[PDB]
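**Q** Here's a structure for you.
Number of protein chains: 2
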Amino acid sequence: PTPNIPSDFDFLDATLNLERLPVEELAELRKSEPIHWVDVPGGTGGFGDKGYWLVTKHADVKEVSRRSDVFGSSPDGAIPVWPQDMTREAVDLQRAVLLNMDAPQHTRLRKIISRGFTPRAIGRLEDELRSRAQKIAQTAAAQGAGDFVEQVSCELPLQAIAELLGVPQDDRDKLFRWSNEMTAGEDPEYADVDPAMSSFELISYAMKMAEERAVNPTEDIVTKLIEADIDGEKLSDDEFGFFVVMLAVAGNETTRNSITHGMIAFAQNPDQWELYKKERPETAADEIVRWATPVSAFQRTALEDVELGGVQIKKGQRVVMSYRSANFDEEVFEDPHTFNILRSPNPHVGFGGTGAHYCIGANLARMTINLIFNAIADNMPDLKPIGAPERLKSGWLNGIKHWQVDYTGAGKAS
Amino acid sequence: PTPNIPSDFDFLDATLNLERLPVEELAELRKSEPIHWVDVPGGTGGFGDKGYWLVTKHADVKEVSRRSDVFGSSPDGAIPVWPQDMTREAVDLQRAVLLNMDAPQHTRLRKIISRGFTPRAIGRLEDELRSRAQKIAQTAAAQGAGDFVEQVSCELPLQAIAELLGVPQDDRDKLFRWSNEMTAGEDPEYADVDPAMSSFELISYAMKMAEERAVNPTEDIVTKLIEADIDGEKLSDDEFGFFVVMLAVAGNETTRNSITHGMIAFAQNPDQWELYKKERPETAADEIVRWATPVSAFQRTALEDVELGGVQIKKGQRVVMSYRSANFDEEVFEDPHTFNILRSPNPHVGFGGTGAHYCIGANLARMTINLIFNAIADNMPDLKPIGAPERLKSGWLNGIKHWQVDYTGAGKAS
Ligand code: HEM
Ligand code: HEM
Ligand SMILES: [Cl-]
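So this is what it looks like as structure tokens:
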């Protein structure tokens with residue numbers, strides 16, 4: 002333990018993170034106790050255990066990510082914190098989707114699924130997503146002022162998934178509503194929704210899509226995921242359904258927040274925004290992800306006793322990787338508190354550390370970021386905030402729910 | 002069509018059935034148009050089709066039940082009616098559970114599952130369920146007056162399932178709450194609950210139970226369902242989970258309602274109740290089921306064009322079996338409107354017509370009925386209703402939500 006941070010301060014508490022990320026407190030851990038046990042003696046939400054290890058240094062996050070053979074994802078899932086009313090049963094079945102699977106099942110499925118995320122499958126979407134990014138940005142400009150999250154940030158991540166899967170235009174509204182309902186989480190603005198019913202309707206929709214594409218193949222990835230290869234490897238129709246569930250939760254709010262936070266960073270750093278509009282540099286999307294770190298943390302569970310950074314971790318204890326801390330590690334990044342869209346090298350972990358679960362959508366995500374920031378630069382170069390960003394109440398997803406913005410930059414109607 | 006019943010009268014409408022079963026209208030169909038098309042031109046809830054065939058004669062219900070090769074259960078599920086807000090996606094995935102499966106998948110699973118429902122596996126529960134029935138009935142007697150549904154009808158069906166599966170006593174309250182939440186349906190008293198989240202927690206609980214029983218076998222059925230036979234046939238752990246989901250919806254409200262309706266019948270027919278208390282006849286449980294017909298109707302979907310009772314049914318049309326009608330067919334039952342606990346023979350279809358989906362729990366159900374009616378006769382022989390039964394709002398499950406009853410039969414405290 003370390004005098005500056007008492008062991009009962011819970012870095013993943015959703016009420017705390019609603020107010021602020023615990024940035025200063027993470028920095029004290031990096032300095033003085035880089036692998037730190039948090040006490041939650043009355044029992045953690047969902048898990049029912051009495052605390053967790055928090056891993057705050059970049060090198061150790063990469064170490065945990067690389068050693069999946071001792072740091073598993075399936076005993077407890079990757080999401081590191083839940084409300085007090087989450088049940089152990091609801092936690093235990095996160096493992097129906099890729100993120101929360103260990104070998105051999107994860108290994109087989111990730112190999113199949115990687116067919117969908119080649120530079121070719123992703124570059125094929127680029128023209129359509131550019132064309133959608135430009136319209137999103139123009140339609141929003143046309144309103145003069147509004148909620149930048151709903152009007153600029155939200156749509157392109159969901160269209161990227163719709164375009165990747167070849168979702169019929171008439172099906173997009175329900176797909177998108179199921180995706181948004183699925184991640185209702187613990188914010189009171191979303192208390193009314195049914196995440197499980199939404200996720201059941203989505204699976205059912207996706208399975209029907211697999212059945213159809215089996216008789217009528219397409220140019221989209223669905224066809225490649227469900228066609229047996231040399232060794233008869235392919236997703237079954239319900240594997241495909243759980244894959245679609247995976248994408249809807251993996252590729253929506255994460256990219257949406259990288260966009261919202263990127264724009265906030267630009268609004269706080271006008272010179273970076275001038276430089277952006279003028280060069281469109283290729284290093285910008287990665288600085289945006291580092292800066293947003295949309296996933297603040299994900300965890301593993303020790304599968305046997307293991308030593309890590311000189312600390313003895315015992316089998317069954319959770320080990321939480323702070324990507325928010327690691328992305329500002331003073332030993333890895335020069336001036337980590339400067340938003341620099343030319344930052345290079347930029348070995349951020351917003352997509353995870355290299356390893357079995359490294360984000361499969363990462364290039365699709367950078368492409369989404371590049372497309373919308375180009376559209377914003379092209380169609381609303383002078384936007385300025387009218388209001389404070391409102392934070393999402395979550396202990397692990399760095400979300401912004403709303404941010405009032407003047408698109409014309411001069412109180413204009415247009 | 003027939004002049005007395007216009008084609009837009011919807012026999013499965015939940016608002017109509019909340020007021021009454023359409024008994025007189027079923028009787029006109031048996032007389033004049035025993036296979037009858039109902040028009041729902043604005044689209045049926047869940048299914049989105051424009052109506053259904055209703056099958057009202059006993060012989061034709063048995064015919065549809067026998068011919069599973071042309072009357073399938075998986076295209077649309079067995080439940081024959083849903084509210085307008087039910088989605089096609091939610092319907093399409095009913096087929097994750099046995100009731101809604103066709104061959105070959107149903108065939109393999111029903112064969113495995115029948116290991117759990119032998120006269121031996123069911124007779125092994127009898128002492129414990131007798132002992133629980135007696136306590137239920139005594140604890141209720143001790144209150145003098147109360148809700149007969151909550152206090153006498155509810156518990157023994159849920160304990161039968163708990164005892165069948167060897168559910169730990171400390172787990173029964175959550176199991177039972179998940180079961181009750183799962184069948185929330187469309188009654189406003191249950192609008193607040195989450196059936197899908199409940200059904201997800203239950204699956205997860207059941208899978209963990211399968212994992213445990215694999216390392217530590219038991220005398221209960223779980224062990225027999227998950228042990229590979231000669232040919233390596235057994236439920237996988239998630240098959241077991243979907244099996245438990247099946248039981249929680251198959252074996253709770255159905256038996257609960259056979260008990261409630263049996264007692265109402267006894268209260269309306271005091272001589273039958275005297276005769277019961279005096280002989281405990283063995284034919285009583287089956288007359289109670291015929292009389293309650295807890296499932297009013299279940300359907301199939303034509304898998305190809307077929308002729309039935311001289312009527313041409315086209316592929317993809319739903320064919321709804323009215324068990325409520327068939328159980329009062331004047332050609333099969335002598336005086337079907339007389340509640341006679343000595344009725345013999347009694348070829349009722351409350352458990353279905355013989356065929357691939359005939360109720361697997363039927364003897365467990367009769368045993369539950371016999372046990373609780375013996376306990377009621379033994380411990381509250383003079384009970385009398387204080388209040389009208391309140392109906393459940395459902396178009397297909399003949400439920401009673403509450404019924405105020407004086408257990409002492411003389412306004413006594415005890
Ligand atoms: C800026 C946006 C995104 C961020 C910050 C992000 C971050 C992450 C992280 C942190 C992980 C876990 C890494 C680990 O445990 O090592 C992950 C995994 C994953 N991501 Fe993303 N992600 C983003 C966008 C997307 C998109 C657009 C998709 C696809 C449409 C996607 C699909 C997935 C999938 C399928 C996994 C699971 C991979 C596996 O478990 O093997 N992600 N992402
Ligand atoms: C009085 C109480 C009950 C009634 C009225 C009832 C009625 C029915 C009916 C009508 C069916 C469909 C028959 C068909 O489609 O031909 C069915 C199926 C089934 N029942 Fe029951 N049931 C009752 C109790 C139970 C109980 C106690 C259990 C077990 C705990 C149970 C387990 C099942 C299962 C698993 C099926 C699906 C069989 C298959 O699809 O192959 N039932 N029941
Ligand atoms: Cl579900």
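The listed protein sequences derive, respectively, from chains A and A'. A prime marks a further copy of an entry chain.
Numbering follows the authors' numbering, with no gaps: position 193 of the first sequence is 194.
Numbering follows the authors' numbering, with no gaps: position 263 of the second sequence is 264.
From the three backbone atoms N, C-alpha and C, an ideal C-beta is built for every residue, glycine too.
Is there contact here, the region 384-397 of chain A with the region 177-189 of chain A, by at least three beta-carbon pairs under 8 angstroms?
**A** Segments in contact, yes.
**Q** With a threshold of 6 angstroms (Cβ to nearest heavy atom), would residue 1 (chain A) be considered close to ligand 1?
**A** No information on residue 1 (chain A) is available, as it lies outside the stretch 2 to 415 that chain A covers here.
**Q** Select from A:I222, A:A285, A:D230, A:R31 the residue whose C-alpha is nearest the C-alpha of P346 (chain A).
**A** Looking at the Cα atoms, A:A285 is the closest of the given residues.
**Q** Which residues, taken in chain order from the region 198-222 of chain A', show a beta carbon closer than 9 angstroms to some beta carbon of chain A?
**A** Residues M198, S199, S200, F201, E202, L203, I204, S205, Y206, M208, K209.
**Q** Of all the CB atoms in chain A, is at least one closer than 7 angstroms to the CB of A91 (chain A')?
**A** Yes, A91 (chain A') counts as interfacial toward chain A.
**Q** Tell me whether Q160 (chain A') is buried or exposed, calling it buried when 16 or more other Cβ atoms sit within 10 Å of its Cβ.
**A** Under this definition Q160 (chain A') is a buried residue.
**Q** Report the CB separation of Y408 (chain A) from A142 (chain A) in whole angstroms; it is logged as a contact under 8 angstroms.
**A** The pair is a contact, with the Cβ atoms about 5 angstroms apart (cut-off 8 angstroms).
**Q** How would you list, in chain order, the residues of chain A' whose beta-carbon sits under 7 angstroms from the beta-carbon of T88 (chain A)?
**A** Those within 7 angstroms of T88 (chain A) in chain A' are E202.
**Q** Answer with buried or exposed for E25 (chain A'), where buried requires no fewer than 16 other C-beta atoms within 10 angstroms of its C-beta.
**A** Per the 10 Å Cβ criterion, exposed.
**Q** If contact is defined by three or more beta carbon pairs under 8 angstroms, each pair taking one atom from either stretch, is the region 53-71 of chain A in contact with the region 341-361 of chain A?
**A** The region 341-361 of chain A vs the region 53-71 of chain A: in contact.
**Q** When you compare only the Cα positions, how much space is there between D171 (chain A') and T108 (chain A)?
**A** Looking at the two C-alpha atoms, the distance is approximately 37 angstroms.
**Q** Is the CB of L94 (chain A) under 7 angstroms away from at least one CB in chain A'?
**A** Answer yes: the Cβ-Cβ gap between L94 (chain A) and chain A' drops below 7 angstroms somewhere.
**Q** Spell out the partners DSSP gives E308 (chain A') in its beta bridges.
**A** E308 (chain A') pairs with A':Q313.
**Q** How would you call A229 (chain A), buried or exposed, if buried means at least 16 neighbouring beta carbons within 10 angstroms?
**A** Exposed, since its Cβ has fewer than 16 Cβ neighbours within 10 Å.
**Q** For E20 (chain A) and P295 (chain A), I'd like the C-alpha separation in whole angstroms.
**A** In a straight line, the C-alpha of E20 (chain A) is about 16 angstroms away from that of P295 (chain A).
**Q** Please determine, among A':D11, A':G147, A':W54, the residue with the shortest C-alpha to C-alpha distance to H403 (chain A').
**A** The residue with the shortest Cα to Cα distance from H403 (chain A') is A':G147.
**Q** Within 6 angstroms: the Cβ of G263 (chain A') and any heavy atom of ligand 2?
**A** Result no, Cβ not under 6 angstroms from ligand 2.
**Q** Determine which residues of the region 177-195 of chain A have a Cβ less than 7 angstroms from any Cβ of chain A', and write them out in chain order.
**A** Listed by position along the chain: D195.
**Q** Would you check if there are 3 or more beta carbon pairs closer than 8 angstroms linking the region 259-279 of chain A' to the region 32-50 of chain A'?
**A** The region 259-279 of chain A' is not in contact with the region 32-50 of chain A'.
**Q** Ordered along the chain, which non-local residues of its own chain (more than five positions away) have a Cβ less than 7 angstroms from that of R133 (chain A)?
**A** Correct list, in chain order: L157, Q160.
**Q** Nearest CA to the CA of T339 (chain A'): which residue from A':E288, A':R257, A':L22, A':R214?
**A** The option with the nearest alpha carbon to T339 (chain A') is A':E288.
**Q** Straight-line CA distance for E240 (chain A') to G351 (chain A)?
**A** Approximately 37 angstroms, taken between the alpha carbons.
**Q** Whole angstroms are fine: how far does the CA of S259 (chain A') sit from the CA of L126 (chain A')?
**A** C-alpha separation (whole angstroms): 20 angstroms.
**Q** Span of the beta strand (DSSP E) holding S323 (chain A)?
**A** That run of the beta strand (DSSP E) goes 319-323.
**Q** Pick helix, strand or coil for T108 (chain A), following the three-state DSSP scheme.
**A** The answer is helix: DSSP assigns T108 (chain A) an H, G or I state.
**Q** Count the other CB atoms, across all protein chains shown, that sit within 10 Å of the CB of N328 (chain A); report buried if there are 16 or more and exposed otherwise.
**A** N328 (chain A) is buried by the Cβ-count criterion.
**Q** Do you know offhand how far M322 (chain A')'s Cα is from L304 (chain A')'s?
**A** In a straight line, the C-alpha of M322 (chain A') is about 16 angstroms away from that of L304 (chain A').
**Q** What span of residues does the beta strand (DSSP E) with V39 (chain A') cover, start to end?
**A** Here the beta strand (DSSP E) through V39 (chain A') covers 36-40.
**Q** Is the distance from the Cβ of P23 (chain A) to the Cβ of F12 (chain A) below 7 angstroms?
**A** Closer than 7 angstroms, so yes.
**Q** Cutting at 6 angstroms between CB atoms, please list the residues of its own chain near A266 (chain A), excluding the five before and the five after it.
**A** Cβ neighbours of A266 (chain A) beyond the five flanking positions: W292, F340.
**Q** Are the CB atoms of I227 (chain A') and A251 (chain A') nearer to each other than 7 angstroms?
**A** No. Outside cutoff.
**Q** Measuring only the C-alpha atoms, how far is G400 (chain A') from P390 (chain A')?
**A** Looking at the two C-alpha atoms, the distance is approximately 10 angstroms.
**Q** Terminal residues of the continuous alpha helix (DSSP H) containing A146 (chain A)?
**A** Unbroken run through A146 (chain A) is the beta strand (DSSP E), 146-148; no alpha helix (DSSP H).
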